[PDB]
There are 12 protein chains.
Amino acid sequence: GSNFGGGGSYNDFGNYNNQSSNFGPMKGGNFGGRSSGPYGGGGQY
Amino acid sequence: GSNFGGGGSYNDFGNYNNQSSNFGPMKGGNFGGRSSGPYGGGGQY
Amino acid sequence: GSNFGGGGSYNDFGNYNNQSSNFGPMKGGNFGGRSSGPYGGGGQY
Amino acid sequence: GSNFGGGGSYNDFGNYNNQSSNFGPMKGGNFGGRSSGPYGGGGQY
Amino acid sequence: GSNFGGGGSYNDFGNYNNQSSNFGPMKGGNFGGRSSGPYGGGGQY
Amino acid sequence: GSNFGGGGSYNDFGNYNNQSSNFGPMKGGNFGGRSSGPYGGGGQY
Amino acid sequence: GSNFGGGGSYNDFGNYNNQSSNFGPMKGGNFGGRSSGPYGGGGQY
Amino acid sequence: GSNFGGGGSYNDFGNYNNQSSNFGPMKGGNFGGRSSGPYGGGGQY
Amino acid sequence: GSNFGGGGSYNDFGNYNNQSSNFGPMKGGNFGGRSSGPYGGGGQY
Amino acid sequence: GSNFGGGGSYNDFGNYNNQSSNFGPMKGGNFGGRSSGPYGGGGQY
Amino acid sequence: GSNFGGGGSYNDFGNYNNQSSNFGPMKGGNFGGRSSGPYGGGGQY
Amino acid sequence: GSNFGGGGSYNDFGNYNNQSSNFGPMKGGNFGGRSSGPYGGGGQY
């Protein structure tokens, strides 16, 4: 009889995938991975 | 008799996929991965 | 009878993936990995 | 009967992956790894 | 009956990976590893 | 019945990896390892 | 004027997705990922 | 004028995803990842 | 005018993902990662 | 005019990911990482 | 005009990741890392 | 005009990661690191 997240627990556990593959010349970018707060994620500015 | 997220638990567990593949020259970007807050995700500005 | 995150515990445990592979010349960038706070993530500025 | 993060514990334990591989000449960068606070992550400025 | 992070404990224990491999000439950089505070991470300025 | 980080303990214990390997001539840099405070991490300036 | 896979090149570059999510008790398995050769893929025998 | 896989090159570059998430007790397995040769992939025998 | 895998080169460069996350008790296994040769991958026998 | 894997070169450079995270008691195993030869990968026998 | 793996060179350079994180009691094992030859990888026998 | 692995050179240079983190009591083991030859890797027998 074990509690597993019961109560008001905010239980966020999701798998996330960003995948990209290119044979030719890649000047651009695939910006992946979690981010939070204003302007999260990478790039120019 | 085990509780599994019972109660008011906000139980968010979803698989998310962003996948992209290109043979030619890739100047642009596939912006993947979770984000939150204003202007989340990468790119110019 | 063991509690596992029960109560108000904010239990965030998600797998995140950013993956990228390119045969040609790569001038651009795949910006991956967790970030938080203003302007999180790498790049010009 | 062992407590495992029960209470208000903010229990953040997620696997994060940034992976990148390129055969040609790589002038750009894959910016990975956790960051927090203003302008976290590496790059020009 | 052992407490394991119970209470208000901020229990942050996540695996983080930044990996990169290139056959050709690498002039650029993969900036990995934890950082905090303003402008964390390496690069020009 | 042993306390393990219980209370308000800020228990931060995460594995972090920065790995990079290149066959050709490497003029650039992989900047890894923990940093904190303004402008943490190495590079020009 | 750049060749991009021209000639007899067998150019196989397809995105493939296997995704599955279940709230209840999962005794079975979602067998995903590429396989080749006799009896490829996992399971009993 | 750069060749990009031209000729008889067998150019296989595809993104593959296996993702799975379950709230309840998981006795079974999601067998992912590339395999080749007889009986590739994990499981009993 | 640079050759990029041209000729008979077997150029295999694909991103592969195996990801899995479970809140309840996990007795089973997610068997990921490349394998080759007879009976590749882990498990009982 | 630089050769990049041209000729008969077997150029295998793929990113591979095995990731898994579980809140409850984990008796089983996620068997990841490359393997080759008979019965590659870990587990009982 | 520099050769980069040209000829019959078997050029294997791939990033591989095995990552796993668990809040509860872990009796089992995540068996990661390259292996070759009969019965490569760790575990009972 | 510098040769970089050209000829029949078996050029194996891959990053490999095995990472694992657990808050509760860990009786089991994460067996990482390269191995070769019969029964490579650690564990009982």
# chains A, B, ... in the order shown; residues from 1 in each chain; ligands from 1
>>> interface_residues(of="chain J", to="chain B", cutoff="12 Å", atoms="only C-alpha atoms", output="mmCIF file with N, CA and C atoms, in the first residue's frame")
data_model
loop_
_atom_site.group_PDB
_atom_site.id
_atom_site.type_symbol
_atom_site.label_atom_id
_atom_site.label_comp_id
_atom_site.auth_asym_id
_atom_site.auth_seq_id
_atom_site.Cartn_x
_atom_site.Cartn_y
_atom_site.Cartn_z
ATOM 1 N N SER J 21 14.080 7.110 -16.592
ATOM 2 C CA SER J 21 13.905 7.725 -15.245
ATOM 3 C C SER J 21 12.668 7.194 -14.512
ATOM 4 N N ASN J 22 12.770 6.748 -13.247
ATOM 5 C CA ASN J 22 11.632 6.139 -12.501
ATOM 6 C C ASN J 22 11.546 6.606 -11.042
ATOM 7 N N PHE J 23 10.416 7.157 -10.580
ATOM 8 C CA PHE J 23 10.212 7.602 -9.171
ATOM 9 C C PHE J 23 10.129 6.441 -8.184
ATOM 10 N N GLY J 24 9.499 5.319 -8.528
ATOM 11 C CA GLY J 24 9.261 4.203 -7.591
ATOM 12 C C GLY J 24 10.463 3.299 -7.416
#
>>> residues_around(residues="stretch 28-35 of chain I", least_positions_apart="3", cutoff="6 Å", atoms="only C-alpha atoms", output="PyMOL selection string")
(chain H and resi 27-35+42) or (chain I and resi 18+40-41) or (chain J and resi 18+28-36)
>>> residues_around(residues="stretch 3-12 of chain A", least_positions_apart="4", cutoff="8 Å", atoms="only C-alpha atoms", output="ChimeraX atom specification")
/B:2-13 /C:1-14 /I:23-24 /J:24
>>> calpha_fit_and_write(fixed="chain I", moving="chain G", output="CSV table (one decimal) with C-alpha atoms, in the first residue's frame")
chain,number,residue,atom,x,y,z
G,1,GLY,CA,35.0,21.3,-54.5
G,2,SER,CA,35.2,18.8,-51.6
G,3,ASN,CA,34.1,15.1,-51.8
G,4,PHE,CA,31.7,14.3,-48.9
G,5,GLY,CA,31.3,10.5,-48.9
G,6,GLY,CA,31.3,10.2,-52.7
G,7,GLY,CA,32.4,6.9,-54.3
G,8,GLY,CA,31.3,3.6,-52.8
G,9,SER,CA,31.5,5.0,-49.2
G,10,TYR,CA,28.9,3.2,-46.9
G,11,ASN,CA,27.9,6.5,-45.1
G,12,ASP,CA,25.7,5.4,-42.1
G,13,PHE,CA,25.0,8.5,-39.8
G,14,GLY,CA,21.6,8.2,-38.1
G,15,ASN,CA,20.3,9.6,-34.8
G,16,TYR,CA,18.6,6.8,-32.7
G,17,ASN,CA,16.5,7.5,-29.5
G,18,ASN,CA,15.3,5.0,-26.8
G,19,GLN,CA,13.6,6.9,-23.9
G,20,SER,CA,11.4,5.6,-21.1
G,21,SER,CA,9.9,7.1,-17.8
G,22,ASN,CA,7.7,5.4,-15.1
G,23,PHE,CA,6.3,6.8,-11.7
G,24,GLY,CA,5.4,3.3,-10.2
G,25,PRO,CA,7.6,0.3,-9.3
G,26,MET,CA,9.7,-0.8,-12.4
G,27,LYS,CA,10.7,-4.5,-12.2
G,28,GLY,CA,11.2,-4.8,-16.0
G,29,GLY,CA,13.8,-3.1,-18.3
G,30,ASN,CA,14.1,-0.7,-21.4
G,31,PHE,CA,16.9,-2.3,-23.4
G,32,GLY,CA,18.4,0.5,-25.6
G,33,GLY,CA,21.7,1.2,-27.5
G,34,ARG,CA,23.2,-0.3,-30.7
G,35,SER,CA,24.1,-4.0,-30.9
G,36,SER,CA,25.4,-6.4,-33.6
G,37,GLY,CA,26.3,-10.1,-33.8
G,38,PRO,CA,24.3,-13.0,-32.5
G,39,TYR,CA,21.9,-12.3,-29.5
G,40,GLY,CA,23.0,-8.6,-29.1
G,41,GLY,CA,21.3,-6.6,-26.3
G,42,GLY,CA,20.9,-7.3,-22.6
G,43,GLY,CA,18.4,-9.3,-20.5
G,44,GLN,CA,18.1,-12.7,-18.8
G,45,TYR,CA,20.5,-15.0,-20.9
>>> select_by_dssp(residues="chain L", states="strand (DSSP E)", output="JSON, numbers by chain")
{"L": [16, 17, 18, 19, 20, 21, 22]}
